[PDB]
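*Asks:*
Number of protein chains: 2
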Amino acid sequence: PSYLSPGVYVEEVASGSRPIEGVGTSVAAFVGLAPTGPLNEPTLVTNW
Amino acid sequence: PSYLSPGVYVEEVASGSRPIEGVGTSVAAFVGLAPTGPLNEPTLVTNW
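Protein chains in written order, with the authors' numbering: chain A, 2 to 49; chain H, 2 to 49.
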């Protein structure tokens, strides 16, 4: 950092812990034909 | 030094420490056109 004037400076050192988390692997995409509904749009469903 | 008369002489030896300090590198100069104000003068601004 740059110090040019008297005073009190508070800085945070980046040294620490940065945990890495997993990802969800339970999503599937089905392509098919249906009688009625949105066309060419990847709709999201979570219950019948 | 020159010693010619009796007495007490106090001298300082230059041997010591002479620290070197840094410089501030957070100054920018903008050249442009403005509606009104001083003309051809490098004004100093530090707040809107």
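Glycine included, C-beta positions come from ideal geometry on N, C-alpha and C.
#1: 8 Å is my cut-off, CB to CB: does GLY25 of chain H come that close to chain A?
#2: Between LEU45 of chain A and chain H, is any beta-carbon pair separated by less than 8 Å?
#3: How many Å lie between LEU40 of chain A and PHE31 of chain A at the Cα?
#4: Identify the contact partners of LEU5 of chain A in chain H, using a Cβ-Cβ distance below 9 Å as the criterion.
*Replies:* Taking the geometry as given:
#1: For the purposes of this step, residue 25 of chain H is identified with residue 24 of the second sequence, where counting begins at 1. True, the Cβ-Cβ gap to chain A drops below 8 Å.
#2: For this step, residue 45 of chain A is matched to residue 44 along the first sequence. By this cut-off, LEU45 of chain A is not an interface position.
#3: For the purposes of this step, residue 40 of chain A is taken as residue 39 along the first sequence, with counting starting at 1. For the purposes of this step, residue 31 of chain A is taken as residue 30 along the first sequence, with counting starting at 1. Approximately 14 Å between the Cα atoms of the pair.
#4: Walking along the first sequence from the start, residue 5 of chain A turns up at place 4. Those within 9 Å of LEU5 of chain A in chain H are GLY23, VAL24, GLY25, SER27.
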